[PDB]
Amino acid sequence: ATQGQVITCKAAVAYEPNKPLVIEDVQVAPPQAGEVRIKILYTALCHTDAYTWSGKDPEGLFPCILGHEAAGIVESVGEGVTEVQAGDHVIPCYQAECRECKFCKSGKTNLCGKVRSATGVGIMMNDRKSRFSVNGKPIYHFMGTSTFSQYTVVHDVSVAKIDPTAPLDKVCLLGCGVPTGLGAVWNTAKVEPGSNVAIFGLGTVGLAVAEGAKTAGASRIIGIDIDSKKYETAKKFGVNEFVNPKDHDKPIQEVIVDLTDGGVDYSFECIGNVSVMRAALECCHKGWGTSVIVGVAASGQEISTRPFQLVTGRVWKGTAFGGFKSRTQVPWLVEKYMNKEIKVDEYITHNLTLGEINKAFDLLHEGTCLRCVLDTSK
């Protein structure tokens, strides 16, 4: 009977970079003002988690509970919370939507800064402390989500309330990769019917770009990956031509320009590699081509190109969560999934349990793997 009480539950704790997560019992404090305590039923993992786990993220902060892609059920809410209540089905999101800041009220972006000063340093806004502990010492939150746990506490501005019949072992992916890819196409680029598109990197994000392009009515949807086995899988997501840059001595941008008689209308970089980001811009058609950076580069890395590439009409842009407003639009994407208008299930290549989370980290180095989903009950 949990309202207002500390909850003791299982969670995967990362104590040190690049070592195995240990599954412990942890204490989850109750939600203060503006906060929501969530029973997490299913959580996926992705490169973003492993980046921090690996020690490579200069923002990383150990020990922490990682995880940002999940779906669950609200256990309780703190004072003032009105948009969700106990028993609501929810997707916690790493990107907030407070609806009250200069960014939210602007109408020109989805990038809300309301809680980022707490969440970027693994704590809560209300008291600037953590809600997680083991043996009475604090464990940092991660991305404002911390979903590698049976229970988490998040800010109310980061909770999307969803269709209560949607399957929670599928819609956990609607918190990260899938909306990023779809939205890079529909919101950031605004791809028109008949456009030709190049997609660099055919993982989950690239594949969501491909589905978003197919749905928007693109013609040629050219996939580029250094692993040729990715093409067969990518076909069902709408990729219809494939190039492996290893199969050519010329730089990949030149190859794509020759293949398309001038370059593509839109390109999307879905890797996080600055050299490939430059190639993606340079394979765009002059006059009107646009390149959207979706990949997240490591610290200190820079993109470059020649000014003439922009002067002759190419446009360079990028996307954060596909340009979607998380609380307002994640529930819309869940609706679309329930109506069979967007794919989600096809991206889930493995199902494990939270107990087996280190095995899921190994699975990240398998080229076949797109998303792993974890059942947190074991």
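From 1 onward, residues are counted along the sequence shown.
Enquirer: 148 to 156 versus 107 to 115: which one carries the higher mean Cα B factor per the record?
Expert: Comparing averages over the C-alpha atoms only gives 107 to 115.
Enquirer: Tell me which of 295 to 303 and 84 to 92 has the higher mean C-alpha B-factor in the deposited entry.
Expert: According to the PDB entry, the answer is 295 to 303.
Enquirer: Looking at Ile226, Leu281, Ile222, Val191, which has the highest CA B-factor as recorded?
Expert: Highest C-alpha B-factor among the listed options: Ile226.
Enquirer: Grab the CA temperature factor for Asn351 from the record and place it in the lowest, middle or highest third of its chain.
Expert: Its C-alpha B-factor belongs to the middle third of this chain's values.
Enquirer: Could you say whether, by C-alpha temperature factor, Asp265 belongs to the lowest, middle or highest third of its chain?
Expert: Ranked within chain, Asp265 CA B lands in the lowest tercile.
Enquirer: Per the entry's values, where does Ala320 land by CA temperature factor relative to the rest of its chain, in the lowest, middle or highest third?
Expert: Ranked within chain, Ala320 CA B lands in the middle tercile.
Enquirer: Quick check for you: using the entry's CA B-factors within this chain, is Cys101 in the lowest, middle or highest third?
Expert: Tercile = highest for this residue's CA B-factor.
Enquirer: Ranked by Cα temperature factor within the chain, is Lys56 in the lowest third, the middle third or the highest third?
Expert: Top third by C-alpha B-factor.
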